[PDB]
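Just the one chain here, laid out as structure tokens, in the form deposited in one PDB entry.
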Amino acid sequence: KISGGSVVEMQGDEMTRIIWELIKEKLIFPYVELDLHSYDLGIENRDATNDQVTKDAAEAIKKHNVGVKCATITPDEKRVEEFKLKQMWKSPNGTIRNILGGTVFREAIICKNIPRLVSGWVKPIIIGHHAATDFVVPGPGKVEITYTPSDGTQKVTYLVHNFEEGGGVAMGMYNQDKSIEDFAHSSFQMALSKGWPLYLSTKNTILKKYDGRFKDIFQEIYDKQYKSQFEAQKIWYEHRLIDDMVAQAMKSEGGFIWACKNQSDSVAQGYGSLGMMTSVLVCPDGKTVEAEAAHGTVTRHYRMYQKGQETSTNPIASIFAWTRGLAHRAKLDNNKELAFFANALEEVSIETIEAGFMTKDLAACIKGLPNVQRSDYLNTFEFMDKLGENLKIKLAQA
């Protein structure tokens, strides 16, 4: 088997837990040997360890640079009573990002037989977003926002609003330079890693100081640190006003990175393609990545699975979490064998869908869900078997 090296894996919850184990059993473990740092972030085990497993998983990603994560339940009030949780544990994803830093980039997987929301988008678009004290104003009065330098030599007082005719609400927000810089570095690394050009969108016409700082810091870091590496790959970096970016992006064919300063997984859910959207946290050092599906645990399918009904859950996004993590491991290690495997598994997935073997969501995307009949699609396990069979052929032929 391929010697794969150090990968941090995080097990999860409900329907994605099922698919995750299938991915390891049928598509990864038959071909790759991993020095696997495996952490169980299932809700019950987070409860039993008082969420310590989540913090330990994040520490492992930092040490070993490659994380692949299965979808996890984020507790709310009803989860607390469903599992009798000791408390409403915080989102594992927030815990991990707070420890790793970095920027989340989402990317759709595109197949030629599958409609796109914007049909001219024939190459994927990779979108990353940059990730407040608010209060109630009880009645008339001035709200002001002040800055006091550490030396105390000055004191600038900006008027937010003079409320004259009632109360309302107000808020202050901020960003540290370092956070903007990290967002730049991650974005530049994303673009170099994929070999695609990079756009930053802001509303610097309106937030001239706040958003102009994003623009200035991106351009300064580009000029000092990345411009040669971009010109070596014949890619480029530009700023856009968000108004123009949206119009230009919709007239584009795709194949660019879009760093967005002001969600896309919500459009995917509305469109019915969450199972085809992957996600990757990109740390600004360019070394550490955490890959995962953009969707959740798919509870509604899992209740169906629990009741004996047939499930047609799309495993592609979860598969591409593995391939993206392994491809990155291959890049850090110059593992040609691994790189070939990771790429081959992505090709197999797209070839299989493009030959008409797909889950119910993809069939509904072609035909519309009302017109979908059961023979137009495979169920979760049929689809995985077909992918396993096509992966066996593809790897054997080389």
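Shifts are known only where both forms have a C-alpha. In this text, the rigid core denotes the largest set of C-alpha atoms whose superposition between the two forms falls within 1.5 Å. When you see a residue number, it is the position in the sequence shown, counting from 1.
One more form of this protein exists, namely the form deposited in another entry; it is left out here, but the text below deals with it.
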| query | finding |
| --- | --- |
| Which one of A268, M304, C111, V104, by Cα shift of 2 Å or more between the shown form and the other one, core superposed | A268 |
| Closer or farther in that other deposited form, the Cα atoms of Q269 and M304, when the shift from this form is 3 Å or more | farther |
| Structural rearrangement between the shown form and the other one, runs of 3 or more with C-alpha shift of 2 angstroms or more, core superposed | 148 to 155, 263 to 272 |
